[PDB]
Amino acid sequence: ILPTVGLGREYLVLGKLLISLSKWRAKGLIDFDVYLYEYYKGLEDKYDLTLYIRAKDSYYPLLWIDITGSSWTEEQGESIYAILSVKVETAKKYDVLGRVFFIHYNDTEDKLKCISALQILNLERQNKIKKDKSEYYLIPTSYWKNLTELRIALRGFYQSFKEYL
């Protein structure tokens, strides 16, 4: 396990995500604990981080998160991020487009930024981003959004599945 700038950037994003999640819970923004037949078993090991919730004595994955460390640009204007098309196609297959998030840390703005698999496909339909060859979606940082999006999804899908059971 050799150090790289990319791996360090990933742990940086993970750290910032954990802090946010903790602060949301403490401030009362989220009213439930998140944890870091088995539902969505095929999504196991597909994404970097899975956010679970307690059903009873079982755990249910609510959101799946992919950590994006280094950008396509900052390894030598606006920062551009490359996101694997396979990650988005998997979210489509398992009908979880709004629950699959990609996250990066913007240094200049000093803030975590997110985008859903749903929104990536939406930007493709609008011809704002395109797939290109392993295919990658090239997504400028302005199309990414702050973690408020993730927080709203977290609460909404929690309420949906709390009702589903």
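Position 1 is the first residue in the sequence shown; the rest follow in order.
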Problem - Unresolved deposited residues in the interval that joins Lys133 and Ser134 - result: 4 to 9
Practice task
Select one of none, 1 to 3, 4 to 9, or 10 or more to describe the deposited residues without coordinates separating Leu49 and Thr50.
Solution key: none
Practice task
Return whichever of 98-106 and 124-132 has the greater mean Cα B factor according to the PDB record.
Solution key: 124-132
Practice task
Read off the CA B-factors in the entry, average them over 111-119 and over 26-34, and name the higher stretch.
Solution key: 26-34
Completion exercise
Chain thirds by Cα B factor, record data; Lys16 belongs to the middle
Completion exercise
The third of the chain into which the C-alpha temperature factor of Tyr60 falls is the middle
Problem - Cα B factor band for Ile53 (lowest, middle or highest third within the chain) - result: middle
